[PDB]
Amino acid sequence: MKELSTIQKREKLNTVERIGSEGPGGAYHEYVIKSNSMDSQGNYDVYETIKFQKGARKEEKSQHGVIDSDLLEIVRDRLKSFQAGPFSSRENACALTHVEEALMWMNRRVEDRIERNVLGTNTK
């Protein structure tokens, strides 16, 4: 189906699913994170929807939402916090460095698209 195959294979808290159809650029713009667990009453402990910006912000017709950069900045902030606290680890430091370099490349993309004046249009 549309349940994501993840790099983590054991002890997974949640599954992630694509919602809707492929949209601009070939990607999905809505996802659900839902728990692999249940309460005693049978509903999901976790059922969170994430909508991404689909179409440009400057247009009302567009689905306004989050961008990849926001999620990574959240994860970065939490990792910096965890490293400053009592349960730090070398794995956290390595993950954090990769998260920040991914963030830098995404920012490199936005800036390149500004220089070429293509930010916000459906063009390579």
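In this text, residue numbers run from 1 along the sequence as written.
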Checklist outcome for this item: Averaging the C-alpha temperature factors as deposited, the higher value of 18-26 versus 105-113 falls on 18-26
Item to check | Which of 47-55 and 68-76 has higher mean CA B factor, as the PDB entry lists it | outcome: 47-55
Item to check | Out of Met38, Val99, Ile33, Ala84, residue topping the C-alpha B-factor column of the entry | outcome: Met38
Item to check | Ranked against its chain, the third holding the CA B-factor of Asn92 | outcome: lowest
